[PDB]
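Below sits a lone chain in C-alpha cells, taken as the form deposited in one PDB entry.
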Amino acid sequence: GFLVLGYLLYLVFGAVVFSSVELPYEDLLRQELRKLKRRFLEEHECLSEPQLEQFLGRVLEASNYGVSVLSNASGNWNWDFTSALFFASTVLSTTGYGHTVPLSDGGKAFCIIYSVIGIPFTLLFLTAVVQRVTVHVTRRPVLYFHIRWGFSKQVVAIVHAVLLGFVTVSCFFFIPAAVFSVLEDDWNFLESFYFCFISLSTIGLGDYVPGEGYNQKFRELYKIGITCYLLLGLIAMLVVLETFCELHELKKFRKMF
C-alpha cells in the first residue's frame, strides 16, 4: 500500500531527475544526431532520405538482432563455440546484452525451450556456486574476529559484514575497472565502471560489450576470460547481496515495507 505508492512515486522521482539531467544531454545528442543525419545526408547529395530510412530500418533491426554490420561484416563470429558460450552465459544469467540473439523462427523456438529449462538450471548453478563462496570469503573472517576479540557473536556479524562488502566491491569494481581500462583502449574509467555495474547487476544494457576489438590478438581466450569474469562478478554480488539481505538492518527495512 504505502510502499507501492512510494515505489510509483520513486519512479516518478526517477523520471523527473532523468528528465532534468539526462534529457538535456539527450536533447543535445538527439539534436546533434539529427544534425548528424543532416550532415550525412547533406554530404551525400546522391543519397536520399526514404531509401536510407529503409536501409537503416534493416541495419538497426539486425543490430538489435545482434548482427553488427561493422568490421566489413567479417568481424567476429557472433555464433562460434566461444561467442555462443558467451551468449548462452548471458541469456542464462539474464544479462541479455543483445549483441547476439536468435535470428530465425526455429532458432527463437529453441531459445525459449533452451531458456525455459536452461535458466532454472543456471539459477541452480549460480546459487550453489554462490553458497560455497559465502562459507569461505564471508563466514570465515567473522568467526575469526569473534574468537580473537571475544565480543558477542550477534554484534560482530552485523557490523563487520558491512566491512566485507568493501573488500568485494574493490576486488570486483575498482581493480577490474582498471583492468578493463587497460584492455579496452577506447573506454575511459567511468564507462568501464558503468559496464561492470550493469553487467554484475544483470541489467545487461548492452551499450558496453567487450571483445569488439578489430581482429584482436586473443579473441577466444579473451571472450572466455570475460565470460569467467562475468560469472565471477555475478557470484560475488550474489554473495554481497546475500550478506546485505542477511543483515539485520536491511532485513528490518524489508519487514517494514
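When you see a residue number, it is the position in the sequence shown, counting from 1. So that the term is clear: the rigid core is the largest set of C-alpha atoms that superpose within 1.5 Å between two forms.
Although not depicted, the form deposited in another entry is the subject of the following passage.
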Practice prompt. For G66, state whether the C-alpha moves by 2 Å or more between this form and the one not shown after rigid core superposition.
Written response: yes
Worksheet item: Against the rigid core, is the Cα displacement of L143 between this form and the one not shown at least 2 Å?
Response: yes
Worksheet item: By the 2 angstroms cut-off, has the C-alpha of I203 moved between this form and the one not shown once the rigid core is superposed?
Response: no
